[PDB]
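# Coordinates in review
Now for the letters of each chain:
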Amino acid sequence: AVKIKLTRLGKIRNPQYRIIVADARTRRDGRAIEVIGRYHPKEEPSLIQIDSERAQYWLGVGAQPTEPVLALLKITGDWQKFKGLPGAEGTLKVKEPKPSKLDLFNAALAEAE
Amino acid sequence: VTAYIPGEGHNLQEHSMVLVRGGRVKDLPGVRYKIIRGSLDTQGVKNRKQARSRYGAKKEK
Amino acid sequence: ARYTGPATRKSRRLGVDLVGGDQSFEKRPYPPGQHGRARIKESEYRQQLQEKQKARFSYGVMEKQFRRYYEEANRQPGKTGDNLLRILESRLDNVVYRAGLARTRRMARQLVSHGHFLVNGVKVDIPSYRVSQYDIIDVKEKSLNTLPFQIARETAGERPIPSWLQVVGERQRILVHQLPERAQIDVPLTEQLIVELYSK
Amino acid sequence: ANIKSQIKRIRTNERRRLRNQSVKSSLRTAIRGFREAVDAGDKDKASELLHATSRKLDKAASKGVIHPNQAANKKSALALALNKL
RNA sequence: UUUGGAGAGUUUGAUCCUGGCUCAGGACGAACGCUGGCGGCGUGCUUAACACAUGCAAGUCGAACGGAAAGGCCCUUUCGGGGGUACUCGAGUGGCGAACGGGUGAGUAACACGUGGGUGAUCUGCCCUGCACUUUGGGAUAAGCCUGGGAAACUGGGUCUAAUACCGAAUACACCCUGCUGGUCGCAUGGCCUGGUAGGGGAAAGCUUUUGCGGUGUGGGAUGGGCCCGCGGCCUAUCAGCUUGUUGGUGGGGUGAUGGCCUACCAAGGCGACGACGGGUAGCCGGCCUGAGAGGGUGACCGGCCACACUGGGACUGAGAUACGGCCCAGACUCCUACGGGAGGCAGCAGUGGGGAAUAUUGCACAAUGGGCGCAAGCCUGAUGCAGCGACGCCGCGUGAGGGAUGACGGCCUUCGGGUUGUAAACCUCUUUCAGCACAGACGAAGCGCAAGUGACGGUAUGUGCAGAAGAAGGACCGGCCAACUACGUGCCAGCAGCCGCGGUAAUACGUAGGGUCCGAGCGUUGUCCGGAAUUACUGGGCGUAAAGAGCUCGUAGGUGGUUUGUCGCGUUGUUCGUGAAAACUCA
Ligand SMILES: [Mg+2]
Ligand SMILES: [Mg+2]
Ligand SMILES: [Mg+2]
Ligand SMILES: [Mg+2]
Ligand SMILES: [Mg+2]
Ligand SMILES: [Mg+2]
Ligand SMILES: [Mg+2]
Ligand SMILES: [Mg+2]
Ligand SMILES: [Mg+2]
Ligand SMILES: [Mg+2]
Ligand SMILES: [Mg+2]
Ligand SMILES: [Mg+2]
Ligand SMILES: [Mg+2]
Ligand SMILES: [Mg+2]
Ligand SMILES: [Mg+2]
Ligand SMILES: [Mg+2]
Ligand SMILES: [Mg+2]
Ligand SMILES: [Mg+2]
Ligand SMILES: [Mg+2]
Ligand SMILES: [Mg+2]
Ligand SMILES: [Mg+2]
Ligand SMILES: [Mg+2]
Ligand SMILES: [Mg+2]
Ligand SMILES: [Mg+2]
Ligand SMILES: [Mg+2]
Ligand SMILES: [Mg+2]
Ligand SMILES: [Mg+2]
Ligand SMILES: [Mg+2]
Ligand SMILES: [Mg+2]
Ligand SMILES: [Mg+2]
Ligand SMILES: [Mg+2]
Ligand SMILES: [Mg+2]
Ligand SMILES: [Mg+2]
Ligand SMILES: [Mg+2]
Ligand SMILES: [Mg+2]
Ligand SMILES: [Mg+2]
Ligand SMILES: [Mg+2]
Ligand SMILES: [Mg+2]
Ligand SMILES: [Mg+2]
Ligand SMILES: [Mg+2]
Ligand SMILES: [Mg+2]
Ligand SMILES: [Mg+2]
Ligand SMILES: [Mg+2]
Ligand SMILES: [Mg+2]
Ligand SMILES: [Mg+2]
Ligand SMILES: [Mg+2]
Ligand SMILES: [Mg+2]
Ligand SMILES: [Mg+2]
Ligand SMILES: [Mg+2]
Ligand SMILES: [Mg+2]
Ligand SMILES: [Mg+2]
Ligand SMILES: [Mg+2]
Ligand SMILES: [Mg+2]
Ligand SMILES: [Mg+2]
Ligand SMILES: [Mg+2]
Ligand SMILES: [Mg+2]
Ligand SMILES: [Mg+2]
Ligand SMILES: [Mg+2]
Ligand SMILES: [Mg+2]
Ligand SMILES: [Mg+2]
Ligand SMILES: [Mg+2]
Ligand SMILES: [Mg+2]
Ligand SMILES: [Mg+2]
Ligand SMILES: [Mg+2]
Ligand SMILES: [Mg+2]
Ligand SMILES: [Mg+2]
Ligand SMILES: [Mg+2]
Ligand SMILES: [Mg+2]
Ligand SMILES: [Mg+2]
Ligand SMILES: [Mg+2]
Ligand SMILES: [Mg+2]
Ligand SMILES: [Mg+2]
Ligand SMILES: [Mg+2]
Ligand SMILES: [Mg+2]
Ligand SMILES: [Mg+2]
Ligand SMILES: [Mg+2]
Ligand SMILES: [Mg+2]
Ligand SMILES: [Mg+2]
Ligand SMILES: [Mg+2]
Ligand SMILES: [Mg+2]
Ligand SMILES: [Mg+2]
Ligand SMILES: [Mg+2]
Ligand SMILES: [Mg+2]
Ligand SMILES: [Mg+2]
Ligand SMILES: [Mg+2]
Ligand SMILES: [Mg+2]
Ligand SMILES: [Mg+2]
Ligand SMILES: [Mg+2]
């Protein structure tokens, strides 16, 4: 009865969550078999990262992900990829790239001079 | 065990509450434990203004 | 917890001027107090103590701050003295002082603590703020219109701005490019003695 | 015995334990019936007795009274006994 | 092919050697005295495995059944209430959960733990994926009603009822046994080829009309486990022999499993100075501290295993039991008691009595995650998520600044010239961080439901305005080790002290004043562990006079060995593969 669980790591004001495959009788922060993904709620991009191949293998061998893990699977594209109904679509949004410090410095120098 | 009495004055007598610590005195042979100054029934010495925290006396006003 | 007492007394006691505009020091170079003229036995401990006191009380830094500065410098791959002096100069107060926007370390530290400057467009108010290579420091309009800041920027005729520091315009923008070298810093006193003592 | 859940579990345990004891008594009766049959040294009476015993043990394994491996090993023991003797 | 070792004081008229003692650093699950503004982060019974008031810490299904005590609707009403509805459900049968989760370290010198394998000798519900299916008959009872003891819990007797509850029979040849009969392997029996052949036997329950779940036997996954093995890891001969199922083998019993595991019959042995049996201490590991290194101490939190639930025995359940809020028995304690008889185990979350130096509030929520039940909605969760108290430890910020005099009061010295606190201060200006008063006000929730909503934290955090330098600093030391001195008061009295050692009238060492040094919201004292300690010296040392060749011989176990030839690959060395979880330390 293996189910994918979220392990509470990080800091109180901005929690950090991993995505782990482990037995249902293990701990929230204890025994783990593999580390496959993560979740970042503090960043409003809401960065999502997951190993598609490992997730697919676990779903095939018969994992029973919980509701939040299944929601993350929909968000990334893994659940609908497995089911094959709509296909493979990526709803994830990447973090906005930070403008380069070098170009910021160049613009500032140009403005100054 | 033995017990040493620091300060220029004291009010200790038979059947009195005492708190002690460890400290060697060269002159007298067998004393190694010193009575804390200004605790329980023992009060701090008077006319003390400097080196005050060691002997436990209140600050002047 | 900053230092409130006199700034001239430390210079008088340690025998070398610090601010450089101290008239009382040159007036009475002898140690202050009732028996400053008395000879003092020379000792390596005395020498090391005087050097470290000079450095710490001249830069106004706190003792534990200096201690972990030293530990970080020692852990740094480069030579401990160079790392220590570079990280110590990296302090924003000294950065602005050598940029010439400030006339004294105490007033510079107060200005930084109150936070009249802008760091990368975000207001930061930390007197011991870490400043790294290739950074940008900005100035707020509430500081530009401030009277003493105007006096400093229109009377900046102090010692020349070092190599790693340079001002670009009237906005008083300070930039750092490369890693200072002991020789081109040419800071007074010596660091070998201090590092030896802290190794002791 | 503090709350309704565990008192009910108690009740059920004792009841179905009475049932369990009855069934185990039946199995043990079959076992020693075979024991004294072998001791006497019967052949056809032993044949039908062991047929009944195997039936009972198989049914017990089916309804979970005894481990099916336990029943199989017991049956193999009966076979070895009847063939040696 | 890279990383790193410091000393000082102390025996003598003066010198050296060995060697003892003390100090300069780091750390705490800390305590004490004094002081004490704010924000952020972790942590809080090491003693009595002492005794415990109290409130909670495990329930869910009408889509299983009999039914309606309390609700809703529709029939009715005299407002006592009379019928159906399953929306809803008290209690009762029937499934599942309940060995999960959470605490502690008395017992152990042991496979218990890590490490690497074996299991041809092993089992395994709930999941997934295949194969053939899933006939029939019957008794009984809870419940409800009548009734007895009795305040009590609970209990005896009579009547009565349904189910997936219980019990016969329908096949099953993918299953299990016994007799006869072929190929491979070696790990030896014997295993495998689902080898082949003759005989024997092996079970089911329906509901629902909806994102459907169930019932029997067999093949494979994945987790879950069970047994065993080589190596490792305290002290102690002022503990020399121990053992009779003890050692080895044959027939039976037994469990799932091979097995002196047990029984009956045979043989007398096995382990022992390469430390048995005894005595003392103690849970173990990833780690932490110290240390360049080897080395030494330690098991905080967190992470993985072992064992325990007042003490001592026993057994059933189940796929699973040291069965902490399951059961039977023996002892101590407590409570109710109408004196007929009953009720109890906070080393679970809070809290009470004692211990000591000490360790907390009888606080708020399922808002996110995990777990349990049900098709789902839905229900429980002292797990978990948060708040309050403790300067216990870690990080950060505040109590101002520019100019201001050969330097205004007051104080102490003075050689009576004069110097000190002092750029300090009064002063002219400044923005005033955080507190203070108002406004807005979060993410944490692409989440839950087919509802129309959903944040305990918190109206905190965080931004936008208002007033004012307006509210904010103390503790040790100043003979040398050991950064820092003057005056005054009593002098072998009163007193200081980590070592050297300081007072017998002119003390920079006692007490008080000024001045200085150190630290800083912390400052000092105590305790513990490492270092310097080459002061247990394998890497690092000695034994003539400083501690040390037994008063001399003979001789067992071991260590060790002259020169050469062949062979083995045990020691040694090279290459490659598996593993060394997470967390931990370093680099970016
Ligand atoms: Mg996010
Ligand atoms: Mg009997
Ligand atoms: Mg049958
Ligand atoms: Mg190194
Ligand atoms: Mg001497
Ligand atoms: Mg002498
Ligand atoms: Mg020696
Ligand atoms: Mg020596
Ligand atoms: Mg206080
Ligand atoms: Mg902040
Ligand atoms: Mg705390
Ligand atoms: Mg209670
Ligand atoms: Mg239930
Ligand atoms: Mg009910
Ligand atoms: Mg069910
Ligand atoms: Mg358990
Ligand atoms: Mg169970
Ligand atoms: Mg546990
Ligand atoms: Mg404890
Ligand atoms: Mg113990
Ligand atoms: Mg016991
Ligand atoms: Mg023993
Ligand atoms: Mg083992
Ligand atoms: Mg183990
Ligand atoms: Mg009944
Ligand atoms: Mg019926
Ligand atoms: Mg049945
Ligand atoms: Mg076959
Ligand atoms: Mg058959
Ligand atoms: Mg049949
Ligand atoms: Mg049937
Ligand atoms: Mg299968
Ligand atoms: Mg299988
Ligand atoms: Mg295993
Ligand atoms: Mg082994
Ligand atoms: Mg070992
Ligand atoms: Mg034996
Ligand atoms: Mg015998
Ligand atoms: Mg057996
Ligand atoms: Mg035997
Ligand atoms: Mg280290
Ligand atoms: Mg080590
Ligand atoms: Mg140990
Ligand atoms: Mg422990
Ligand atoms: Mg642990
Ligand atoms: Mg017990
Ligand atoms: Mg107890
Ligand atoms: Mg006990
Ligand atoms: Mg069983
Ligand atoms: Mg089970
Ligand atoms: Mg239980
Ligand atoms: Mg309890
Ligand atoms: Mg408690
Ligand atoms: Mg007490
Ligand atoms: Mg949860
Ligand atoms: Mg959940
Ligand atoms: Mg749902
Ligand atoms: Mg509840
Ligand atoms: Mg509740
Ligand atoms: Mg605090
Ligand atoms: Mg405290
Ligand atoms: Mg405390
Ligand atoms: Mg000033
Ligand atoms: Mg603020
Ligand atoms: Mg949110
Ligand atoms: Mg969001
Ligand atoms: Mg002195
Ligand atoms: Mg001196
Ligand atoms: Mg004194
Ligand atoms: Mg003193
Ligand atoms: Mg005098
Ligand atoms: Mg002073
Ligand atoms: Mg601080
Ligand atoms: Mg060493
Ligand atoms: Mg050292
Ligand atoms: Mg050593
Ligand atoms: Mg020592
Ligand atoms: Mg010799
Ligand atoms: Mg001799
Ligand atoms: Mg001899
Ligand atoms: Mg001799
Ligand atoms: Mg000999
Ligand atoms: Mg010999
Ligand atoms: Mg030999
Ligand atoms: Mg030789
Ligand atoms: Mg070899
Ligand atoms: Mg690892
Ligand atoms: Mg690391």
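Residues numbered from 1 in each chain as written, not as in the entry; some residues may be left out. Chains lettered and ligands numbered in written order. Part of a larger assembly, values for the part shown. Heavy atoms only, no water.

As stated in the entry header, the method of structure determination is cryo-EM and the reported resolution is 3.26 Å.

Right, let's talk about the overall build of chain D for a bit. Across its full length, chain D carries 3 helices and 0 strands. The secondary structure elements of chain D, listed N-terminal to C-terminal, are α-α-α. On C-alpha atoms alone, chain D measures out to a radius of gyration of 17 Å, which is more than a quarter above the 12 Å that the 2.2 N^0.38 rule sets for 85 residues. The burial tally for chain D puts 19% of its 85 residues in the buried class. Computed over 21 positive and 7 negative side-chain charges, the separation of the two mean positions in chain D equals 13 Å. (Helix = DSSP H or I, 4+ residues; strand = E, 2+ residues; numbered from the N terminus. Rg over C-alpha atoms; globule rule 2.2 N^0.38 Å. Buried < 20%, exposed > 50% of the residue type's maximum accessible area, 1.4 Å probe, protein only. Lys, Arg positive; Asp, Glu negative; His and termini not counted. Charge placed at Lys NZ, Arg CZ, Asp CG, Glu CD.)

The next subject is the UniProt feature "domain: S4 RNA-binding" in chain C. This chain's UniProt record puts "domain: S4 RNA-binding" on residues 90-156 of chain C. Taken end to end, residues 90-156 of chain C has its terminal C-alpha atoms 21 Å apart, with 45% of it in helix and 13% in strand. (UniProt positions renumbered as here; feature names shortened; annotations may be inferred.)

Across 5 bridges, the pairing between strand 2 (residues 15-23) of chain A and strand 3 (residues 34-39) of chain A is antiparallel. Note on strand 3 of chain A: the bridge partner recorded for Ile-20 of chain A is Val-35 of chain A. (Pairing = 2+ DSSP bridges.)

We now examine a nonpolar patch on the surface. Together, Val-1, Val-18, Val-20 and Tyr-33 of chain B make up a nonpolar patch on the protein surface, roughly 400 Å² of accessible area in all. Tracing the sequence through the fold places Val-18 of chain B in the segment before strand 1 (20-22). (Patch = residues over 30% accessible without salt bridge, like charges linked within 9 Å, V, L, I, M, F, W, Y side chains within 5 Å. Areas by Shrake-Rupley, 256 points an atom, 1.4 Å probe, with all protein chains shown as cover. Salt bridge = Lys/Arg side-chain N within 4 Å of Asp/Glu carboxyl O.)

Residue and element names in this part refer to chain A. Counting across every chain of the model gives 7 aromatic pairs over all chains. Judged by centre distance (5.6 Å) and plane angle (70°), the rings of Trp-79 and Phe-82 are edge-to-face. With a gap of 3 residues between them, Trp-79 and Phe-82 both fall in helix 3 (residues 78-83), about one helical turn apart. On the basis of relative accessibility, which here comes to 22%, the residue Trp-79 falls in the partly exposed class. Look at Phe-82 and you get partly exposed, because its relative accessible area is 38%. (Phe/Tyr/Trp six-rings, centres within 6.5 Å; stacked < 30°, edge-to-face > 60°.)

So, about the protein's contact with RNA strand E. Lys-11 of chain A, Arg-28, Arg-46 and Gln-53 of chain C together with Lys-24 of chain D are the nearest of the 113 residues found near RNA strand E. Of all RNA strand E atoms lying within 4 Å of any protein atom, the proportion belonging to sugar or phosphate reaches 84%. At 2.2 Å, a side-chain N or O of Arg-56 of chain C approaches a phosphate oxygen of RNA strand E. In this structure, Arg-9 of chain D approaches RNA strand E through a side-chain N or O atom, which is 2.2 Å from a base oxygen. Of all the elements, helix 1 (residues 4-40) of chain D adds the most residues to the surface near RNA strand E, at 12 residues. Residues that form the surface near RNA strand E fall into these classes: 26 nonpolar, 33 polar and 54 charged. (Near = heavy atom within 4 Å. Polar contact = N/O pair within 3.5 Å; in protein donor to acceptor, adjacent residues only side chain to side chain. Nonpolar A, V, L, I, M, F, W, Y, C, P; charged D, E, K, R; others polar.)

A word on the interface of chain C and chain A. Listed by partner, the interface residues are 6 residues for chain C and 6 residues for chain A. Summed over both sides, the interface between chain C and chain A buries roughly 590 Å², with carbon and sulfur atoms accounting for 70% of that surface. Looking at the side of chain C facing chain A, the largest losses of area belong to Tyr-134, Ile-136 and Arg-173 of chain C, adding up to 71% of the total buried there. Connecting chain C to chain A are 0 salt bridges. Counting across the chain C and chain A interface gives 1 residue pair in polar contact. Among the residues forming the side of chain C that touches chain A, the class breakdown is 4 nonpolar, no polar and 2 charged. (Contact = heavy atoms within 4.5 Å. Buried area = accessible area lost by both parts, 1.4 Å probe.)

Let us look at the pattern of salt bridges. Any two side chains of opposite charge can pair, given that their charged atoms come close. As enumerated under the stated definition, the model contains 11 salt bridges over all chains in all. The shortest N-O distance in the salt bridge between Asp-23 of chain A and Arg-25 of chain A comes to 3.9 Å. Note that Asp-58 of chain D is salt-bridged to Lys-75 of chain D, the shortest N-O span being 3.2 Å. Within this pair, whereas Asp-58 of chain D is found in helix 2 (residues 44-63), its partner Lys-75 of chain D is found in helix 3 (residues 68-84), the two being separated by 17 residues in sequence. Since its relative accessible area comes to 34%, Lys-75 of chain D is described here as partly exposed.

Moving on to the packing of helix 1 of chain D against helix 2 of chain D. All names here are of chain D. Contact geometry of helix 1 with helix 2 gives a least axis separation of 10 Å together with a crossing angle of 155°. Our classification of the angle between helix 1 and helix 2 gives roughly antiparallel. The handedness of the crossing between helix 1 and helix 2 is left-handed. Residues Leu-27, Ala-30, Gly-33, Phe-34 and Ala-37 of helix 1 lie in contact with helix 2, whose contacting residues are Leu-49, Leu-50, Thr-53, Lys-56 and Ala-60. (Axes fitted to C-alpha atoms, helices over the stretch in contact; angles between N-to-C directions. Parallel < 35°, antiparallel > 145°, perpendicular 65-115°, else oblique. Left-handed = near helix turned anticlockwise from the far one by under 90°.)

Here the focus is the pairing of strand 2 of chain A. Of the strand pairs in this sheet, strand 1 (residues 2-10) of chain A and strand 2 of chain A are connected by 9 bridges, and their pairing is antiparallel. Bridged to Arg-8 of chain A within strand 2 of chain A is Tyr-17 of chain A.

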